[PDB]
Amino acid sequence: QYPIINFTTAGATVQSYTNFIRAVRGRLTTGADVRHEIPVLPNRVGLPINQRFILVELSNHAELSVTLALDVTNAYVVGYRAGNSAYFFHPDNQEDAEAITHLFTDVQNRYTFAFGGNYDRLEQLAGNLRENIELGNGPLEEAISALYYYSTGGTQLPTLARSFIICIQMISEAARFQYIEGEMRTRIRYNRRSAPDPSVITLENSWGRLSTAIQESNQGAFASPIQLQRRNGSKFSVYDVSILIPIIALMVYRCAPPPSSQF
């Protein structure tokens, strides 16, 4: 019932990956909510269960497939299916636990991990931080195989955690940030894997804060600046939504849009 977007790593190109990421953004947002030219994801409050998820079917050159489930309210990967087994991250609350019962309903083996799916938890399991995990098309190809072989014991937990870390950044974070989509495009164009630099990491860590700063701003002006990092690690101060229009593609819903006092 939920919409399915397909991507393969086999022969992937900047164009095929761009088409994918545009398609995932098109299914995450409805057009209802755009502030400063920046689309907002649906509000969790009152969102009917039939509109709550999207499915991303990944395939690779090894001829394997897995299907990730993303929550439209936050673009979070909440679990995945590989053939006859599905695996969900530990839910944050009761209502999320009910909602994930609506995914992969005819799968014969359903498991809920005892750990949640946030980067900090997944980095601990992986034994490596984001900044030491290479991304690109090779890493994605390998991550699709790792997720596929988990149920049979082929995949060690640390390699499963690392594989989620790769998927999340190359799908969810790229949908959230044109900047991160363009970092992936670069790696795919040259077929050269590399770990994310501080510009990528600081944007990932700041997504919620930036979403709230933009939605609470006075006509786009932040009451408090947010500090990001450039590629070389130097500080970049954000004072206004303006500088983020080329950078952030989607925000999480944080407040109602005020009745704009119009001059």
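- Structure determination for this entry, per the PDB record, employed X-ray crystallography and reached 1.52 Å resolution.

Considering the environment of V45
Part 1: Examined against the element boundaries, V45 turns out to sit in the loop between β3 (38–39) and β4 (53–59).
Part 2: Residue classification places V45 among the exposed positions, given a relative accessible area of 70%.
Part 3: Along the sequence, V45 and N232 sit 187 residues apart, while their C-alpha atoms lie 40 Å from each other.

A look at the environment of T67
Part 1: Along the polypeptide, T67 turns up in strand β5 (residues 65–71).
Part 2: Judged by relative accessible area, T67 falls into the buried class, the value being 5%.
Part 3: On a C-alpha basis, the gap between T67 and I54 in space is 10.0 Å, while along the polypeptide they are 13 residues apart.
Part 4: Leave out the neighbours within four places in its chain, and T67 touches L55, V56, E57, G79, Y80, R81 and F104.

Considering the domain arrangement of the protein chain
Accessible area lost when the parts come together is the quantity often used to give the size of an interface.
Part 1: Under the domain assignment, the protein chain is made up of domain 1 (1–175) and domain 2 (176–263).
Part 2: Computed from C-alpha atoms alone, the centre-to-centre distance between domain 1 and domain 2 is 21 Å.
Part 3: Facing the 42 residues of domain 1 at the interface are 37 residues of domain 2.
Part 4: The contact between domain 1 and domain 2 buries some 3300 Å² in all, and 60% of this surface belongs to carbon and sulfur atoms.
Part 5: Of all residues in domain 1, the largest losses of buried area upon contact with domain 2 belong to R35, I38 and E173, amounting jointly to 20% of the total for that side.
Part 6: Here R176 ties to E173 by a salt bridge, and the two come within 3.0 Å at their closest N and O atoms.
Part 7: Counting the contacts that link domain 1 with domain 2 gives 16 residue pairs in polar contact.
Part 8: Contributions of two or more residues to the side of domain 1 that touches domain 2 are made by α1 (14–28), β3, α4 (137–148) and α5 (157–176).

Focus on helix α6 (residues 178–190)
Part 1: Between its first and last C-alpha, α6 extends 18 Å over 13 residues, near the 18 Å set by a 1.5 Å rise per residue.
Part 2: Taken together, the buried positions of α6 are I180, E181, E183, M184, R187 and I188. Buried positions in α6, seen along its axis, are confined to an arc of 155 degrees and lie on one side of it.
Part 3: Residues of α6 that are buried in the fold lie against α1, α4, α5 and α7 (198–215).
Part 4: Of the residues flanking the end of α6, it is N191, one or two places downstream, whose phi is positive at about 45 degrees.

A short note on the UniProt feature "active site" in the protein chain
Part 1: UniProt marks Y76, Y119, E173 and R176 with the feature "active site", using the numbering shown here.
Part 2: Its place among the elements puts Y76 in strand β6 (residues 76–82).
Part 3: For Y76, the contacting residues outside a window of four places in its chain are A69, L70, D71, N118 and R176.
Part 4: Tracing the backbone shows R176 in helix α5.
Part 5: Overall, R176 belongs to the buried group, its relative accessible area being 4%.
Part 6: Excluding residues within four positions of it along the chain, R176 makes contact with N74, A75, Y76, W207, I248, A249 and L250.

What counts, and where the lines are drawn
- Residues numbered from 1 in each chain as written, not as in the entry; some residues may be left out.
- Heavy atoms only, no water.
- Helix = DSSP H or I, 4+ residues; strand = E, 2+ residues; numbered from the N terminus.
- Buried < 20%, exposed > 50% of the residue type's maximum accessible area, 1.4 Å probe, protein only.
- Contact = heavy atoms within 4.5 Å.
- Domains from an automatic or database assignment.
- Buried area = accessible area lost by both parts, 1.4 Å probe.
- Salt bridge = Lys/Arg side-chain N within 4 Å of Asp/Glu carboxyl O.
- Polar contact = N/O pair within 3.5 Å; in protein donor to acceptor, adjacent residues only side chain to side chain.
- Expected span 1.5 Å × (residues − 1).
- Arc of directions from axis to C-beta.
- UniProt positions renumbered as here; feature names shortened; annotations may be inferred.

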